[PDB]
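Dropping target-v2.pdb in here (PDB, C-alpha atoms (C1' of nucleotides)):
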ATOM      1  CA  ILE A   1       0.000   0.000   0.000  1.00  0.00           C
ATOM      2  CA  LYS A   2       2.817   2.431   0.875  1.00  0.00           C
ATOM      3  CA  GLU A   3       4.450   2.507  -2.570  1.00  0.00           C
ATOM      4  CA  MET A   4       1.238   3.310  -4.467  1.00  0.00           C
ATOM      5  CA  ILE A   5       0.088   5.891  -1.898  1.00  0.00           C
ATOM      6  CA  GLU A   6       3.528   7.473  -2.401  1.00  0.00           C
ATOM      7  CA  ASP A   7       2.901   7.249  -6.149  1.00  0.00           C
ATOM      8  CA  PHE A   8      -0.479   8.935  -5.533  1.00  0.00           C
ATOM      9  CA  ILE A   9       0.968  11.923  -3.651  1.00  0.00           C
ATOM     10  CA  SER A  10       3.691  12.139  -6.311  1.00  0.00           C
ATOM     11  CA  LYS A  11       0.734  12.131  -8.740  1.00  0.00           C
ATOM     12  CA  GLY A  12      -2.127  14.649  -8.583  1.00  0.00           C
ATOM     13  CA  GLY A  13      -3.424  13.112  -5.360  1.00  0.00           C
ATOM     14  CA  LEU A  14      -7.115  13.872  -4.797  1.00  0.00           C
ATOM     15  CA  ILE A  15      -9.740  11.926  -2.850  1.00  0.00           C
ATOM     16  CA  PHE A  16     -13.250  13.232  -2.378  1.00  0.00           C
ATOM     17  CA  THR A  17     -16.754  12.377  -1.225  1.00  0.00           C
ATOM     18  CA  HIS A  18     -18.421  15.116  -3.310  1.00  0.00           C
ATOM     19  CA  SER A  19     -17.771  16.393  -6.829  1.00  0.00           C
ATOM     20  CA  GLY A  20     -19.278  18.025  -9.889  1.00  0.00           C
ATOM     21  CA  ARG A  21     -17.272  15.865 -12.294  1.00  0.00           C
ATOM     22  CA  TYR A  22     -20.335  13.677 -12.907  1.00  0.00           C
ATOM     23  CA  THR A  23     -22.356  16.625 -14.229  1.00  0.00           C
ATOM     24  CA  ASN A  24     -19.589  17.726 -16.608  1.00  0.00           C
ATOM     25  CA  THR A  25     -16.074  16.393 -17.151  1.00  0.00           C
ATOM     26  CA  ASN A  26     -14.668  19.971 -17.260  1.00  0.00           C
ATOM     27  CA  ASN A  27     -15.424  20.452 -13.539  1.00  0.00           C
ATOM     28  CA  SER A  28     -12.209  20.126 -11.423  1.00  0.00           C
ATOM     29  CA  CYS A  29     -14.067  20.836  -8.156  1.00  0.00           C
ATOM     30  CA  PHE A  30     -13.433  18.540  -5.209  1.00  0.00           C
ATOM     31  CA  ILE A  31     -14.439  18.656  -1.530  1.00  0.00           C
ATOM     32  CA  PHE A  32     -14.192  15.927   1.125  1.00  0.00           C
ATOM     33  CA  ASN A  33     -17.028  16.658   3.548  1.00  0.00           C
ATOM     34  CA  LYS A  34     -16.302  15.139   6.942  1.00  0.00           C
ATOM     35  CA  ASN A  35     -19.486  14.736   9.005  1.00  0.00           C
ATOM     36  CA  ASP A  36     -21.465  12.643   6.487  1.00  0.00           C
ATOM     37  CA  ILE A  37     -18.977   9.768   6.256  1.00  0.00           C
ATOM     38  CA  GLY A  38     -20.406   6.623   7.830  1.00  0.00           C
ATOM     39  CA  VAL A  39     -19.037   3.088   8.084  1.00  0.00           C
ATOM     40  CA  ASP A  40     -20.505   1.791   4.803  1.00  0.00           C
ATOM     41  CA  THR A  41     -19.991   5.036   2.838  1.00  0.00           C
ATOM     42  CA  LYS A  42     -17.882   4.972  -0.327  1.00  0.00           C
ATOM     43  CA  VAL A  43     -15.358   7.389  -1.828  1.00  0.00           C
ATOM     44  CA  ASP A  44     -14.082   7.934  -5.378  1.00  0.00           C
ATOM     45  CA  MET A  45     -10.639   8.867  -6.514  1.00  0.00           C
ATOM     46  CA  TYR A  46      -9.011  11.046  -9.171  1.00  0.00           C
ATOM     47  CA  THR A  47      -5.569  11.421 -10.530  1.00  0.00           C
ATOM     48  CA  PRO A  48      -4.550  12.931 -13.928  1.00  0.00           C
ATOM     49  CA  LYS A  49      -5.736  10.815 -16.899  1.00  0.00           C
ATOM     50  CA  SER A  50      -6.635   8.143 -14.280  1.00  0.00           C
ATOM     51  CA  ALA A  51      -3.107   6.741 -13.824  1.00  0.00           C
ATOM     52  CA  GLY A  52      -1.860   4.208 -11.316  1.00  0.00           C
ATOM     53  CA  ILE A  53       0.131   1.081 -10.521  1.00  0.00           C
ATOM     54  CA  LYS A  54      -1.429  -2.327  -9.912  1.00  0.00           C
ATOM     55  CA  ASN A  55      -0.820  -4.476  -6.823  1.00  0.00           C
ATOM     56  CA  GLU A  56       0.413  -7.497  -8.882  1.00  0.00           C
ATOM     57  CA  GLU A  57      -3.126  -8.812  -9.500  1.00  0.00           C
ATOM     58  CA  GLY A  58      -4.426  -5.971 -11.670  1.00  0.00           C
ATOM     59  CA  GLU A  59      -5.704  -4.289  -8.502  1.00  0.00           C
ATOM     60  CA  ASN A  60      -5.509  -0.492  -8.252  1.00  0.00           C
ATOM     61  CA  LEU A  61      -6.108   1.852  -5.317  1.00  0.00           C
ATOM     62  CA  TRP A  62      -9.902   1.959  -5.484  1.00  0.00           C
ATOM     63  CA  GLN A  63     -11.267  -1.405  -4.574  1.00  0.00           C
ATOM     64  CA  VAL A  64      -8.478  -1.419  -2.112  1.00  0.00           C
ATOM     65  CA  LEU A  65      -9.825   1.535  -0.235  1.00  0.00           C
ATOM     66  CA  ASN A  66     -13.381   0.675  -1.020  1.00  0.00           C
ATOM     67  CA  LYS A  67     -13.497  -2.932  -0.041  1.00  0.00           C
ATOM     68  CA  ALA A  68     -15.550  -3.177   3.194  1.00  0.00           C
ATOM     69  CA  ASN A  69     -14.458  -0.123   5.253  1.00  0.00           C
ATOM     70  CA  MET A  70     -10.781  -0.589   4.470  1.00  0.00           C
ATOM     71  CA  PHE A  71     -10.521   3.167   4.514  1.00  0.00           C
ATOM     72  CA  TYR A  72     -12.242   3.301   7.831  1.00  0.00           C
ATOM     73  CA  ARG A  73      -9.498   1.364   9.632  1.00  0.00           C
ATOM     74  CA  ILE A  74      -7.038   4.029   8.466  1.00  0.00           C
ATOM     75  CA  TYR A  75      -9.466   6.968   8.989  1.00  0.00           C
ATOM     76  CA  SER A  76     -10.430   6.029  12.549  1.00  0.00           C
ATOM     77  CA  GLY A  77      -6.736   5.485  13.226  1.00  0.00           C
ATOM     78  CA  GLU A  78      -5.924   1.941  14.340  1.00  0.00           C
ATOM     79  CA  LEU A  79      -3.187   1.623  11.673  1.00  0.00           C
ATOM     80  CA  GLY A  80      -0.867   4.255  13.149  1.00  0.00           C
ATOM     81  CA  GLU A  81      -0.128   7.894  12.403  1.00  0.00           C
ATOM     82  CA  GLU A  82       2.451   6.976   9.730  1.00  0.00           C
ATOM     83  CA  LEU A  83      -0.221   5.918   7.228  1.00  0.00           C
ATOM     84  CA  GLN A  84      -2.973   8.185   8.579  1.00  0.00           C
ATOM     85  CA  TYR A  85      -1.062  11.468   8.205  1.00  0.00           C
ATOM     86  CA  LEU A  86      -0.035  10.647   4.632  1.00  0.00           C
ATOM     87  CA  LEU A  87      -3.668   9.744   3.940  1.00  0.00           C
ATOM     88  CA  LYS A  88      -4.782  13.081   5.425  1.00  0.00           C
ATOM     89  CA  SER A  89      -2.328  15.009   3.223  1.00  0.00           C
ATOM     90  CA  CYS A  90      -4.337  13.965   0.151  1.00  0.00           C
ATOM     91  CA  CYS A  91      -7.903  14.969   1.094  1.00  0.00           C
ATOM     92  CA  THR A  92      -7.750  18.642   0.083  1.00  0.00           C
ATOM     93  CA  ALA A  93     -10.436  21.084  -1.006  1.00  0.00           C
ATOM     94  CA  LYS A  94     -10.463  22.171  -4.653  1.00  0.00           C
ATOM     95  CA  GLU A  95     -12.958  24.836  -5.729  1.00  0.00           C
ATOM     96  CA  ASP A  96     -14.300  25.480  -9.246  1.00  0.00           C
ATOM     97  CA  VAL A  97     -17.716  26.714 -10.385  1.00  0.00           C
ATOM     98  CA  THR A  98     -17.349  26.653 -14.180  1.00  0.00           C
ATOM     99  CA  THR A  99     -19.826  24.637 -16.327  1.00  0.00           C
ATOM    100  CA  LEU A 100     -21.889  23.680 -13.271  1.00  0.00           C
ATOM    101  CA  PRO A 101     -25.524  24.459 -12.426  1.00  0.00           C
ATOM    102  CA  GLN A 102     -25.847  27.564 -10.254  1.00  0.00           C
ATOM    103  CA  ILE A 103     -29.258  27.969  -8.655  1.00  0.00           C
ATOM    104  CA  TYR A 104     -30.977  29.991  -5.945  1.00  0.00           C
ATOM    105  CA  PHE A 105     -32.944  29.258  -2.770  1.00  0.00           C
ATOM    106  CA  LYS A 106     -35.249  31.452  -0.685  1.00  0.00           C
ATOM    107  CA  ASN A 107     -33.535  31.795   2.684  1.00  0.00           C
ATOM    108  CA  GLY A 108     -34.772  33.967   5.541  1.00  0.00           C
ATOM    109  CA  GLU A 109     -35.678  37.279   3.845  1.00  0.00           C
ATOM    110  CA  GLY A 110     -33.572  36.918   0.724  1.00  0.00           C
ATOM    111  CA  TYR A 111     -32.079  34.542  -1.812  1.00  0.00           C
ATOM    112  CA  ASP A 112     -28.938  32.399  -1.719  1.00  0.00           C
ATOM    113  CA  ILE A 113     -26.758  31.294  -4.644  1.00  0.00           C
ATOM    114  CA  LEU A 114     -25.556  27.689  -4.434  1.00  0.00           C
ATOM    115  CA  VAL A 115     -24.013  25.119  -6.782  1.00  0.00           C
ATOM    116  CA  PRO A 116     -25.413  21.553  -6.827  1.00  0.00           C
ATOM    117  CA  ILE A 117     -22.586  19.017  -6.955  1.00  0.00           C
ATOM    118  CA  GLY A 118     -22.898  15.254  -6.850  1.00  0.00           C
ATOM    119  CA  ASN A 119     -22.327  12.649  -4.145  1.00  0.00           C
ATOM    120  CA  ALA A 120     -19.762   9.837  -4.095  1.00  0.00           C
ATOM    121  CA  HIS A 121     -21.588   7.171  -2.072  1.00  0.00           C
ATOM    122  CA  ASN A 122     -24.842   7.386  -4.013  1.00  0.00           C
ATOM    123  CA  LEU A 123     -23.464   6.200  -7.370  1.00  0.00           C
ATOM    124  CA  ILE A 124     -21.479   3.270  -5.973  1.00  0.00           C
ATOM    125  CA  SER A 125     -24.213   2.136  -3.580  1.00  0.00           C
ATOM    126  CA  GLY A 126     -26.538   2.471  -6.558  1.00  0.00           C
ATOM    127  CA  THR A 127     -24.412   0.138  -8.663  1.00  0.00           C
ATOM    128  CA  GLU A 128     -24.173  -2.284  -5.747  1.00  0.00           C
ATOM    129  CA  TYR A 129     -27.704  -2.092  -4.297  1.00  0.00           C
ATOM    130  CA  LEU A 130     -30.289  -1.688  -7.088  1.00  0.00           C
ATOM    131  CA  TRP A 131     -28.390  -4.431  -8.920  1.00  0.00           C
ATOM    132  CA  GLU A 132     -27.776  -7.265  -6.464  1.00  0.00           C
ATOM    133  CA  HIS A 133     -31.065  -7.081  -4.523  1.00  0.00           C
ATOM    134  CA  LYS A 134     -33.587  -7.214  -7.437  1.00  0.00           C
ATOM    135  CA  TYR A 135     -35.038  -3.771  -8.053  1.00  0.00           C
ATOM    136  CA  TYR A 136     -36.369  -4.013 -11.587  1.00  0.00           C
ATOM    137  CA  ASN A 137     -37.028  -0.360 -12.485  1.00  0.00           C
ATOM    138  CA  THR A 138     -33.860   1.551 -13.352  1.00  0.00           C
ATOM    139  CA  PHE A 139     -31.935   3.270 -16.138  1.00  0.00           C
ATOM    140  CA  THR A 140     -28.329   2.284 -16.845  1.00  0.00           C
ATOM    141  CA  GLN A 141     -26.047   5.143 -17.896  1.00  0.00           C
ATOM    142  CA  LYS A 142     -22.372   5.446 -18.806  1.00  0.00           C
ATOM    143  CA  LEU A 143     -20.335   8.594 -18.201  1.00  0.00           C
ATOM    144  CA  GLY A 144     -18.619   9.819 -20.188  1.00  0.00           C
ATOM    145  CA  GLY A 145     -18.656   8.800 -23.835  1.00  0.00           C
ATOM    146  CA  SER A 146     -16.286   6.449 -25.651  1.00  0.00           C
ATOM    147  CA  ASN A 147     -13.512   7.369 -23.175  1.00  0.00           C
ATOM    148  CA  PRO A 148     -15.172   7.328 -19.738  1.00  0.00           C
ATOM    149  CA  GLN A 149     -11.897   7.122 -17.778  1.00  0.00           C
ATOM    150  CA  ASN A 150     -11.375  10.890 -17.975  1.00  0.00           C
ATOM    151  CA  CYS A 151     -13.513  11.792 -14.974  1.00  0.00           C
ATOM    152  CA  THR A 152     -12.435   9.639 -12.041  1.00  0.00           C
ATOM    153  CA  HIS A 153     -11.110   6.180 -11.204  1.00  0.00           C
ATOM    154  CA  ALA A 154     -14.611   5.184 -10.266  1.00  0.00           C
ATOM    155  CA  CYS A 155     -15.472   6.156 -13.824  1.00  0.00           C
ATOM    156  CA  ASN A 156     -12.463   4.109 -14.968  1.00  0.00           C
ATOM    157  CA  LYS A 157     -13.241   0.930 -13.070  1.00  0.00           C
ATOM    158  CA  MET A 158     -16.730  -0.228 -14.068  1.00  0.00           C
ATOM    159  CA  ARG A 159     -17.770   0.549 -17.635  1.00  0.00           C
ATOM    160  CA  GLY A 160     -21.360  -0.642 -17.289  1.00  0.00           C
ATOM    161  CA  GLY A 161     -22.242   2.731 -15.823  1.00  0.00           C
ATOM    162  CA  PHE A 162     -24.308   3.865 -12.869  1.00  0.00           C
ATOM    163  CA  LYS A 163     -28.031   3.380 -12.299  1.00  0.00           C
ATOM    164  CA  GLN A 164     -30.805   5.931 -11.813  1.00  0.00           C
ATOM    165  CA  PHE A 165     -34.413   5.311 -10.838  1.00  0.00           C
ATOM    166  CA  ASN A 166     -37.274   5.661 -13.291  1.00  0.00           C
ATOM    167  CA  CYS A 167     -39.480   8.701 -12.671  1.00  0.00           C
ATOM    168  CA  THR A 168     -42.252   7.735 -15.068  1.00  0.00           C
ATOM    169  CA  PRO A 169     -45.709   7.783 -13.438  1.00  0.00           C
ATOM    170  CA  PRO A 170     -48.509   5.729 -14.988  1.00  0.00           C
ATOM    171  CA  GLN A 171     -50.567   7.827 -17.367  1.00  0.00           C
ATOM    172  CA  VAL A 172     -54.261   8.410 -17.971  1.00  0.00           C
ATOM    173  CA  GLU A 173     -55.838   5.933 -20.397  1.00  0.00           C
TER     174      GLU A 173
ATOM    175  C1'   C B   1     -34.988  34.077 -10.725  1.00  0.00           C
ATOM    176  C1'   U B   2     -35.845  26.363 -11.952  1.00  0.00           C
ATOM    177  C1'   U B   3     -28.862  20.317 -11.519  1.00  0.00           C
ATOM    178  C1'   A B   4     -30.627  27.881 -14.207  1.00  0.00           C
ATOM    179  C1'   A B   5     -27.402  28.490 -19.186  1.00  0.00           C
ATOM    180  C1'   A B   6     -27.082  24.458 -24.438  1.00  0.00           C
ATOM    181  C1'   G B   7     -26.687  21.006 -28.408  1.00  0.00           C
ATOM    182  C1'   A B   8     -29.534  17.146 -35.783  1.00  0.00           C
ATOM    183  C1'   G B   9     -28.410  10.687 -33.581  1.00  0.00           C
ATOM    184  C1'   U B  10     -28.444   9.774 -39.242  1.00  0.00           C
ATOM    185  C1'   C B  11     -28.258   5.509 -42.461  1.00  0.00           C
ATOM    186  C1'   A B  12     -29.154  -0.156 -44.791  1.00  0.00           C
ATOM    187  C1'   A B  13     -31.776  -4.576 -44.866  1.00  0.00           C
ATOM    188  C1'   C B  14     -35.664 -11.245 -48.656  1.00  0.00           C
ATOM    189  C1'   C B  15     -37.186 -14.618 -42.827  1.00  0.00           C
ATOM    190  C1'   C B  16     -38.643 -18.879 -45.370  1.00  0.00           C
ATOM    191  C1'   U B  17     -38.875 -23.325 -46.720  1.00  0.00           C
ATOM    192  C1'   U B  18     -42.732 -28.017 -45.214  1.00  0.00           C
ATOM    193  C1'   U B  19     -46.972 -30.163 -42.902  1.00  0.00           C
ATOM    194  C1'   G B  20     -53.396 -35.685 -42.259  1.00  0.00           C
ATOM    195  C1'   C B  21     -56.361 -33.306 -36.401  1.00  0.00           C
ATOM    196  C1'   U B  22     -58.277 -37.731 -36.068  1.00  0.00           C
ATOM    197  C1'   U B  23     -61.366 -41.308 -33.712  1.00  0.00           C
ATOM    198  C1'   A B  24     -66.401 -41.952 -31.295  1.00  0.00           C
ATOM    199  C1'   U B  25     -70.684 -39.507 -28.325  1.00  0.00           C
ATOM    200  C1'   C B  26     -78.756 -39.382 -25.812  1.00  0.00           C
ATOM    201  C1'   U B  27     -79.089 -32.659 -23.183  1.00  0.00           C
ATOM    202  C1'   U B  28     -83.364 -33.958 -20.483  1.00  0.00           C
ATOM    203  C1'   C B  29     -86.439 -33.824 -18.128  1.00  0.00           C
ATOM    204  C1'   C B  30     -91.692 -28.830 -16.290  1.00  0.00           C
ATOM    205  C1'   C B  31     -93.123 -24.365 -16.330  1.00  0.00           C
ATOM    206  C1'   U B  32    -100.028 -18.646 -16.096  1.00  0.00           C
ATOM    207  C1'   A B  33     -95.897 -13.552 -18.896  1.00  0.00           C
ATOM    208  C1'   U B  34     -99.303  -9.874 -17.034  1.00  0.00           C
ATOM    209  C1'   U B  35    -102.063  -5.949 -16.128  1.00  0.00           C
ATOM    210  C1'   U B  36    -103.529  -0.686 -18.716  1.00  0.00           C
ATOM    211  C1'   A B  37    -102.207   2.436 -21.423  1.00  0.00           C
ATOM    212  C1'   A B  38    -104.925   9.001 -26.481  1.00  0.00           C
ATOM    213  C1'   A B  39     -99.575   7.861 -30.666  1.00  0.00           C
ATOM    214  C1'   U B  40     -99.045  12.727 -28.790  1.00  0.00           C
ATOM    215  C1'   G B  41     -96.992  16.097 -31.857  1.00  0.00           C
ATOM    216  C1'   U B  42     -99.515  15.352 -38.306  1.00  0.00           C
ATOM    217  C1'   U B  43    -101.487  22.597 -36.951  1.00  0.00           C
ATOM    218  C1'   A B  44     -96.382  19.199 -41.859  1.00  0.00           C
ATOM    219  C1'   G B  45     -97.201  23.236 -48.780  1.00  0.00           C
ATOM    220  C1'   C B  46     -99.576  19.987 -52.988  1.00  0.00           C
ATOM    221  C1'   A B  47    -102.630  18.498 -58.914  1.00  0.00           C
ATOM    222  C1'   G B  48    -100.738  22.536 -60.097  1.00  0.00           C
ATOM    223  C1'   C B  49     -98.425  27.050 -62.813  1.00  0.00           C
ATOM    224  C1'   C B  50    -100.506  33.217 -62.947  1.00  0.00           C
ATOM    225  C1'   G B  51     -95.038  33.097 -62.700  1.00  0.00           C
ATOM    226  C1'   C B  52     -86.991  33.867 -64.629  1.00  0.00           C
ATOM    227  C1'   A B  53     -88.693  30.234 -61.538  1.00  0.00           C
ATOM    228  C1'   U B  54     -84.395  31.592 -56.020  1.00  0.00           C
ATOM    229  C1'   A B  55     -89.769  38.005 -55.745  1.00  0.00           C
ATOM    230  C1'   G B  56     -94.898  38.429 -55.750  1.00  0.00           C
ATOM    231  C1'   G B  57    -100.681  35.320 -57.091  1.00  0.00           C
ATOM    232  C1'   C B  58    -105.299  31.812 -57.979  1.00  0.00           C
ATOM    233  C1'   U B  59    -108.729  27.349 -57.606  1.00  0.00           C
TER     234        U B  59
END
Would you mind writing the file's structure down as structure tokens?
Amino acid sequence: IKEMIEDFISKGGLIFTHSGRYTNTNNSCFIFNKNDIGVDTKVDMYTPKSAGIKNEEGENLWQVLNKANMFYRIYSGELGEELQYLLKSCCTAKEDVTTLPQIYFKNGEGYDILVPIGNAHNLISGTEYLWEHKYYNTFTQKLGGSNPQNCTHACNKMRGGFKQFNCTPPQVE
RNA sequence: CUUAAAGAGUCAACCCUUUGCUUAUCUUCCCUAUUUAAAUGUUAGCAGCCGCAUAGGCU
């Protein structure tokens, strides 16, 4: 693990639980919110042109950190400060508002500008929960186009694409 | 003051060749239709032409 984490910090080195990369690939906005991360929550991963080194079985950094709270046992801190501090040096905040939706909300006596950006856990728990447990009403999408590995490593890993729900009500006869 | 802002999805096609549905069969017995109505409304133009008839008249 140490050599490819060192390769990651020598690379671009960004981990995130929230992004706008899924809305448009020209996003480059990245924030790791802290209080929403629970034991089964999942996190995606970006480095430039989705590069990396395998762990001698074709295994990159993602399923490593994703597999059953692997990240948690370094985040809670039972693996020592030596790995935990180098992990914490990667989760930085990167701000960008270009080519993103920018909407308003009525707050108390006034309006507030805010940018909707996507969630990390929702896509991966969607691919692993509407699929395995027999929900038979969904749309399968692939982002991006013929080269989907431009966004993230989550984008890179599965090429079947994520799943949304159908929002089609039954209609009047 | 909207996941606000925005975008050509276009094209082409031989499905088709062949076929034994056959063999019989008990529907079957019993019954109160019935009793009283205004056809209202025809109050609708016909054998007709005296008639350029699509304007106006007479038996």
*Find the residues near segment 141-151 of chain A: any atom within 12 Å, counting only C-alpha atoms (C1' of nucleotides), skip ones fewer than 5 places away on the same chain, and give them as number ranges by chain.*
A: 19-30, 44-51, 123, 126-127, 156-165
Would you save the residues from that selection as a PDB file, in the coordinates of the input, using C-alpha atoms?
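Writing the result to result-v7.pdb gives the following:
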ATOM      1  CA  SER A  19     -17.771  16.393  -6.829  1.00  0.00           C
ATOM      2  CA  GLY A  20     -19.278  18.025  -9.889  1.00  0.00           C
ATOM      3  CA  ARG A  21     -17.272  15.865 -12.294  1.00  0.00           C
ATOM      4  CA  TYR A  22     -20.335  13.677 -12.907  1.00  0.00           C
ATOM      5  CA  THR A  23     -22.356  16.625 -14.229  1.00  0.00           C
ATOM      6  CA  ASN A  24     -19.589  17.726 -16.608  1.00  0.00           C
ATOM      7  CA  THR A  25     -16.074  16.393 -17.151  1.00  0.00           C
ATOM      8  CA  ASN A  26     -14.668  19.971 -17.260  1.00  0.00           C
ATOM      9  CA  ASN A  27     -15.424  20.452 -13.539  1.00  0.00           C
ATOM     10  CA  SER A  28     -12.209  20.126 -11.423  1.00  0.00           C
ATOM     11  CA  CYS A  29     -14.067  20.836  -8.156  1.00  0.00           C
ATOM     12  CA  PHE A  30     -13.433  18.540  -5.209  1.00  0.00           C
ATOM     13  CA  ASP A  44     -14.082   7.934  -5.378  1.00  0.00           C
ATOM     14  CA  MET A  45     -10.639   8.867  -6.514  1.00  0.00           C
ATOM     15  CA  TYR A  46      -9.011  11.046  -9.171  1.00  0.00           C
ATOM     16  CA  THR A  47      -5.569  11.421 -10.530  1.00  0.00           C
ATOM     17  CA  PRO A  48      -4.550  12.931 -13.928  1.00  0.00           C
ATOM     18  CA  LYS A  49      -5.736  10.815 -16.899  1.00  0.00           C
ATOM     19  CA  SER A  50      -6.635   8.143 -14.280  1.00  0.00           C
ATOM     20  CA  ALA A  51      -3.107   6.741 -13.824  1.00  0.00           C
ATOM     21  CA  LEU A 123     -23.464   6.200  -7.370  1.00  0.00           C
ATOM     22  CA  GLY A 126     -26.538   2.471  -6.558  1.00  0.00           C
ATOM     23  CA  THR A 127     -24.412   0.138  -8.663  1.00  0.00           C
ATOM     24  CA  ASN A 156     -12.463   4.109 -14.968  1.00  0.00           C
ATOM     25  CA  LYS A 157     -13.241   0.930 -13.070  1.00  0.00           C
ATOM     26  CA  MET A 158     -16.730  -0.228 -14.068  1.00  0.00           C
ATOM     27  CA  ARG A 159     -17.770   0.549 -17.635  1.00  0.00           C
ATOM     28  CA  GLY A 160     -21.360  -0.642 -17.289  1.00  0.00           C
ATOM     29  CA  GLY A 161     -22.242   2.731 -15.823  1.00  0.00           C
ATOM     30  CA  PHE A 162     -24.308   3.865 -12.869  1.00  0.00           C
ATOM     31  CA  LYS A 163     -28.031   3.380 -12.299  1.00  0.00           C
ATOM     32  CA  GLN A 164     -30.805   5.931 -11.813  1.00  0.00           C
ATOM     33  CA  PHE A 165     -34.413   5.311 -10.838  1.00  0.00           C
TER      34      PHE A 165
END
*Rounded to one decimal in Å, what is the spacing between atom CA of residue 134 of chain A and atom CA of residue 167 of chain A?*
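If I compute the distance from atom CA of residue 134 of chain A to atom CA of residue 167 of chain A, I get 17.8 Å.
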Just so the selection is clear, what residues does the PyMOL selection byres ((chain B) within 9 of (chain A)) cover here, as a PDB file with C-alpha atoms (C1' of nucleotides), keeping the file's coordinate frame?
ATOM      1  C1'   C B   1     -34.988  34.077 -10.725  1.00  0.00           C
ATOM      2  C1'   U B   2     -35.845  26.363 -11.952  1.00  0.00           C
ATOM      3  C1'   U B   3     -28.862  20.317 -11.519  1.00  0.00           C
ATOM      4  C1'   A B   4     -30.627  27.881 -14.207  1.00  0.00           C
ATOM      5  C1'   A B   5     -27.402  28.490 -19.186  1.00  0.00           C
TER       6        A B   5
END
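Between atom CA of residue 92 of chain A and atom CA of residue 55 of chain A the separation is 25.1 Å.
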_Quick check on the file I pasted: which residues fall under the PyMOL selection byres ((chain A and resi 31-34) around 10)? Write them as JSON, numbers by chain._
{"A": [14, 15, 16, 17, 18, 19, 20, 29, 30, 35, 36, 37, 38, 43, 91, 92, 93, 94, 95, 117, 120]}
*Could you state which residues are captured by the PyMOL selection byres ((chain A and resi 138) around 8) in this file, as a list in words?*
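Applying the PyMOL selection byres ((chain A and resi 138) around 8) to the structure shown produces residues 130, 135, 136, 137, 139, 140, 163, 164, 165 and 166 of chain A.
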*Nearest to residue 59 of chain A: which of A:85, A:132, A:107, A:1 is it, counting only C-alpha atoms?*
A:1
*Grab the atom CA of residue 153 of chain A to atom CA of residue 128 of chain A distance for me, in Å with one decimal place.*
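According to the coordinates, atom CA of residue 153 of chain A and atom CA of residue 128 of chain A are separated by 16.5 Å.
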*Determine, counting only C-alpha atoms (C1' of nucleotides), which protein, DNA and RNA residues have an atom within 7 Å of an atom of residue 42 of chain A; residues of the same chain fewer than 3 positions away are not included. Present the result as a count of residues only.*
4
